Structure formats: C-alpha cells, structure tokens
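Here's the structure we're looking at; comments come further down.
Readers should treat all values here as calculations from the given coordinates under stated rules, not as data from a laboratory. Please note: Cβ atoms are built from the backbone with ideal geometry, for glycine as well, and neighbour counts cover all protein chains shown.
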Amino acid sequence: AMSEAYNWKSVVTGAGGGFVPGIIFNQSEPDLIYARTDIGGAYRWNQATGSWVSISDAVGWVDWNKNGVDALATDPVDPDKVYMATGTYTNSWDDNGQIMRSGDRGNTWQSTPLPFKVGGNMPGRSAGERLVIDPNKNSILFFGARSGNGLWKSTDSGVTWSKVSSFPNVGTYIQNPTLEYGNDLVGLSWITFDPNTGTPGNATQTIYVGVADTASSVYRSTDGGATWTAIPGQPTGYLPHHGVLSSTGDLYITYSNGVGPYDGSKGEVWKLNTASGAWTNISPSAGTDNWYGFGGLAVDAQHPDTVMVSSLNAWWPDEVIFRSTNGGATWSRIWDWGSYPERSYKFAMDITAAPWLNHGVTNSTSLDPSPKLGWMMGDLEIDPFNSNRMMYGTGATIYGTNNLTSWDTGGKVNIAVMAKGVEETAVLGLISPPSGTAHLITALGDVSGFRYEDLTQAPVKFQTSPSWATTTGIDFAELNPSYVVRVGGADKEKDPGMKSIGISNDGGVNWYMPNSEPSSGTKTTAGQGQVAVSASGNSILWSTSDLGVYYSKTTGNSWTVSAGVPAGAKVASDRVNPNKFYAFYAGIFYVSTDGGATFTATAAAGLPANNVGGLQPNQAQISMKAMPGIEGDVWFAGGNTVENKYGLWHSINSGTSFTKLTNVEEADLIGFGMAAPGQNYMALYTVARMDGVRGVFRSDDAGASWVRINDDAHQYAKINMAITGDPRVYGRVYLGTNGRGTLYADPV
Ligand SMILES: [Cl-]
Ligand SMILES: [Cl-]
Ligand SMILES: [Mg+2]
C-alpha cells in the first residue's frame, strides 16, 4: 500500500460559499473562536493570519456524517478542550450520531456513539447553544437533543452520556407534521448556565433550557439539573431560537414562528430579569411591521447592557440587525428608510476578499443591494473580549466587523468577509483545460462555480448570462478548449427569460445563452442534468433532467431528441473524434457515431446497473470519461457492493468491451492528468478502496500499480463528487467534495 507525500491545499473561494449556522467564542481565552457548518465540519480561528483552519479533514469515507456539526462547545476552564455533536438525518436504519471530543483544540478527536440521531442537516441547526460545558466544573456537559430524545448529560468530560430522565418536556413542535417520515420533533433549542451559581470545581446549580414547544418553552433547574420547572410568566405562542444570560442577570431570548433557517414569518424578543422574575417584551418590531422571526442574539460581555438581534428572515429589501445599548429598552436598526425607496445605512459592505459575492450585479441599489447584508442569519456573536468585533453566519459566508462600536457614535460599521480559509461548497464537476490561461473551472452547488488562473486567488467574477445557483454539468471541446458549455437550473420564476445552458467561446470568461432549449409539447426543460461537448465543439449533447437526452449541431438555436438512449443517461464525448459520443444507464453502455443524434447499445458487460434491492437513481455512483489524445479509450469507475459490481473498468475499443481492473476493489471516480516524465500514458487519479484502504490514488502506468496520494489527515469525508488531473502539471490532482469545496494537491 505504497504512498507518496503530497501537499494538500484548498482552491480558494474567499467566502466559503455555504451556510455557517454557528460561531462560538471561548469565554475565557481571547481570540479563541470556532465555526461550525452543516455539511463541512468545523473550523478554528487563527488571529495571526485572520483566517480559519479546518478541524475536520480527518473525517473520511465511512464516518462522513461527522461533518454534520449540529453543536459545538469550547471549554472556558481548559480552553484546549472542544466538543461537537455530529451526525445527519438520512433514511438509513441505525444512522446515529456521536459526541466528539478533543484535548488539542480540534487537531485530533475521539468519539462516543449516541443511541439516537443528530441532525446537523436539519431545521433548527442554527438554534443554540445545544451542547454546553459547565463553566465551574468542566467535566459536566449537557446536550439538548432532537426527536424526543430530550436532555442528555455527561459527568466524565464527554466520554459517556446518559439521558436526564427528570427533564419534563422533550418538545412538541414539528416543522413538517403531515410529511411522510419527516414527523420529527425539533426538540431542545438551547441550554444556558448561570455561572454565578457554581464555584470552581463545583457544579453550576442554575441552568436554563429552551424547548421547541410553543405552549411551554422555557425551563429552569436550581439544583444542577436534578429537577426542573417551567418559568412563571413566560410568553407563549412562538419558538425560542437562542437564550443568552447576560452577566447583568437578564436572560434574553429570540423567538420565531419557525425554527429556521429558512422559515420564520413572525417573531418576538423577550428578556427575563432573573433576580426579580419579571419578563419584558423588548421586540424591535411588532404586528405588520414584523414579518420575520428573530434569530441571532448576542450580548456584549464587556458592556453587558448591549444586546443585538438579527431578522430570520426579512428577505426584502435586506435583513436587519438591531442594536440596543440599554438592555432592549430602545433599539437602533442598521439601516432605515429615508424618502422611499431610498434607505440610510449604518454599515458598509466590503467584499474585496470574495468579489463574486456581488453575483455579477455591480450596481447596488436601495431595493436590490448587492452584496446583501446577509440571509439565514441564525447566529450573531460579539467577541467577549472586544466589543468592537462581531461575526455572523449567512447562507454563503461569515461576515464580521472590527469597528462595531462606531454604530453608537454615528460612524459606519465596516462589514467584511471574515471567512478566509473556509471552503464549504459541494462540487458537481471539474474541468482542467489543456490550454489557455485557466487551470480549472468548477461547477458548484449554490454559487455556480468559478474559473481559476491562480488557484490561490478568490474569484473576481460570478458566472452570469446565464446566472443560476447550481451548475450540474460542464464540459469543453478537447480540440477547441475555448469552447465551454455549462448546464444548471435557471430560476424562471425570477427571470422568465433565463436559460439553463450557458456557452462560452473565450474559455469560460464570458458566457451567453443560446436561443432555444429542449422542449416537448408545451414543456420546456427545467435544465440540469449533464452535458458533453464534441471534440471540435460542433455538437452539444445535453442529458436533461426532465426530458431526456437532446443534441444540437446549431449552437443551441434548436435542439433535437437523441434516439436510442434512455432519459437520465450519463453522457461523455470522445476527446478525438467529434462525431463520437458515449452514454451509460442502468448497466448498458451506448455509443453514437453521428454526433449524438443516434445511439446503439454495445455488448459491454458487467457494468453496474443500480436496479437491485431498493437502490434509487440518486444513489448511482458513475464516473465515465474518454481519454484525451486516444479515440475510443474510455474509463469507467463506480458501482456498489449489493450488485458486486464496484471498481474501475477500461475500454480501448469505444466501449465495445470493458475489462475490470483486478487490482482495484472499489472505485467511485476516475480522472486524468499529465503523464509522468518518461511515461507514455496520462496519469490516472481515482477515489477508491485499494486492498482495504480507502483514499485517493495515482497510477503512472495505466492502472498496473497505484500509489496513495492522500493520507489519514486529508480525507474530506464522502469524496464521491469529482476528480481530475491537470494536463499541464504532472502529479497535480483536483478533488471535489460535498462540503469542503475543491482541493488541489501536488507531490512534496
Ligand atoms: Cl453551537
Ligand atoms: Cl436554523
Ligand atoms: Mg453562537
């Protein structure tokens, strides 16, 4: 099981590109901050570099659900210690979560299984804090769980966990109650200690818990969690999102009529004076002036009469942050209406670290700000050692400021991208062109994808004309690589004239939309699917998501149904012969020699069919590519264990027959890069299991032997997304992920 040392690095996006539901400051050590994501693990801040370091890259293929980080706690007594509650909801039986523990700030981890599921991907994932460490006796932790599992506790520093049977209310609210197998209780929403009620080494006695139950949502124990009471006088009707106890004694709570991160059309903010028992409604807006939940909540530890909250979600014209310096008695908004439609602003956005966050819309107007302040602002935090620093997560990035108190003196708060080092995108495709200025073009969920000349530079340009959220396929003409085609999902309710295909003749720098798209009767395709471009660029083959496979030899001025190939097929172009395309579906390989107009099933046998047991079409793992420079040389990776058809196959006769490589016991992806010096065949790059070892492997000898090029510290979870080499850089691999962005790596 030979390995070769490689340097693994992120292809930079600057902003991260996904949802950050939690930012967690340590309450005792200045500049110790963590960030948790829903699909891509967690991070620790580095003040010296102003950037984040992943603490999750050892998570691998089997244990991938550890990157669903539902909660995180950082120990205020021993700040080397950090813990996380991780897992996702799936359909699988026994897909339980775990509590992970680290004694070195997340450099290394140990894990304890829980007997129930954790929902790092589920609604309410930005509520918190749901995992907490007792600030007086740090061997005590509590976890507020989903699905009726209630309140759980450890008294041995997270090693073993047990249910707190006396907790009286496991939750009643369900986001989707009549939904089939989505009948799941949200559960507990947050836990907050009163640190004045313990002493060093002795358990904190007063604990507050918020529960997703609109009729009874706030509980207190005064005996360390032995017994619990619903607090008298509490408000009813809404769902608590955060509860923060200021050192003044005021417990602040944000409420919404949803749990987040999307739903929330009404909300309130309350405080409880914990000494006097009096509750006050301090909501910044009410009635028809409130059309959003309140989500994020922060108290300024250095100035604990200062509190801020965010909308979740106001949507239009933007979100709102509200700031009070008098305990909620009065609030200032971060923007106000002037003479309508104009607005006045207390902030300025700086996206120089990720200029694509303007989405290619350069003019920022009052009713259409670009960039927006944010969205999905479920978590807002003030640095407990610096009242001038705030950070918040959005659905795309982490924003923050270092001049927050300028708000109070009439200056503008400068809000900048504060996500350097974070990469959270899901990668649907990668191409590395063999000439031109770009080494890589990515196809991404949510933020479309980007073109790189320099892999270390945050993209300047968002992909527009067409503009969409998710690129599902991309290809280029091998023998005319300036010609690039991407397909995706245009949002036609927002822009009825947007197309789901974009074409470039300048290498992907600028795009245009063709005059037509595939249609059937009165139905025009919704797009998506996969695309292949002929070697010359004279034909585009689009395996649409909804209408099946179409081709165009007219640059998209018209589209014609392809004969002989089933809807949903995987498609690929020959890299030499412009008339030759390949397709694959359900264990059948197809070839066209008329530019995609007609396909024939070949005699190729033994490829996986994805049609046994319960297997669903979204489960099919298939990676099929033809080799640059050699007509009819086709590699295929994928399959599964239930069919006993999993591995890497090679054809040298245009798919007429395939031979399974006997030295690759499972494989999921294949890609090619520059031949090694002295060798005559392009290097191969695969995601595979080799003799029991899962990883990323390179072959310099056409698959006769393989060397592992990742390692146990650089695994990136379920890496079944995309891989390619670089035709101009020997040894370089580009690896897609589902939640860690794109990596590039080169031999040491
Ligand atoms: Cl958290
Ligand atoms: Cl949420
Ligand atoms: Mg937080």
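Comparing 317, 145, 361 along the charge dipole axis of segment 17-424, the residue lying farthest to the positive side is 145, per the Cβ-charge model.
If you add up the charges near residue 125, with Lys and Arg at +1 and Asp and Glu at -1, over every other residue whose beta carbon is less than 14 angstrom from its beta carbon, what do you get?
On the way: positive: 36, 117, 130, 146; negative: 38, 70, 129, 184, 263, 379, 424.
Charge balance in the 14 Å sphere: -3.
Around the amide H of residue 164, modelled in the peptide plane, lie the amide H atoms of 151, 152, 153, all under 5 Å away and 5 or more residues distant in sequence or on another chain.
Only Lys, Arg, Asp and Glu count, each charged at its Cβ (+1, +1, -1, -1), so figure out the dipole size of segment 17-424 about its Cα centre, rounded to 20 debye.
On the way: 24 positive and 38 negative charges, 45 e Å.
The calculation lands at about 220 debye.
Largest first, the extents of the alpha carbon coordinates of the chain on the three principal axes equal 82, 61, 50 Å. Projecting the Cα atoms of 186, 562, 612 onto the charge dipole of the chain (Cβ charges, centred on the Cα centre) puts 562 farthest toward the positive pole. In nm, to one decimal, how far is the modelled label at residue 7 from the one at residue 80, with both set 7 Å along Cα→Cβ? Between residue 7 and residue 80, the simple spin-label model gives 3.0 nm.
Between segment 334-395 and segment 136-156, the alpha-carbon centres lie 36 Å apart. Here is the list for segment 117-199: chymotrypsin sites (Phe, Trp or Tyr not before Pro) lying in DSSP coil, each with at most 12 other C-beta atoms within 10 angstrom of its C-beta, are 181. For residue 350, the residues 5 or more places off, or on other chains, whose built amide H falls under 5 Å of its own are 415, 416, 417. Taking amide hydrogens as placed 1.01 Å from N in the peptide plane, the amide H of residue 669 sits under 5 Å from those of 687, each at least 5 positions away in sequence or on another chain. Electrostatic bookkeeping for residue 341 treats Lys and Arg as +1 and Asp and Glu as -1; over the other residues with beta carbon under 15 Å from its beta carbon, the sum is -3. For segment 667-714, applying the loop criterion from DSSP together with a ceiling of 12 other beta carbons within 10 Å to the trypsin sites (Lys or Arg not before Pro) yields no site.
Toward the positive end of the charge dipole of segment 17-424, with +1 on the Cβ of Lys and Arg and -1 on the Cβ of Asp and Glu, the farthest Cα among 421, 121, 203 is that of 203. Summing charges over all other residues whose Cβ lies under 11 Å from the Cβ of residue 31, with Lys and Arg as +1 and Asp and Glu as -1, gives 0. Note on the chain: with charges restricted to the Cβ of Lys and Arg (+1) and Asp and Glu (-1), its dipole about the Cα centre is near 620 debye.
Restriction of the chymotrypsin sites (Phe, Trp or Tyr not before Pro) in segment 214-271 to DSSP coil positions whose beta-carbon has at most 16 other beta-carbons within 10 angstrom yields 262.
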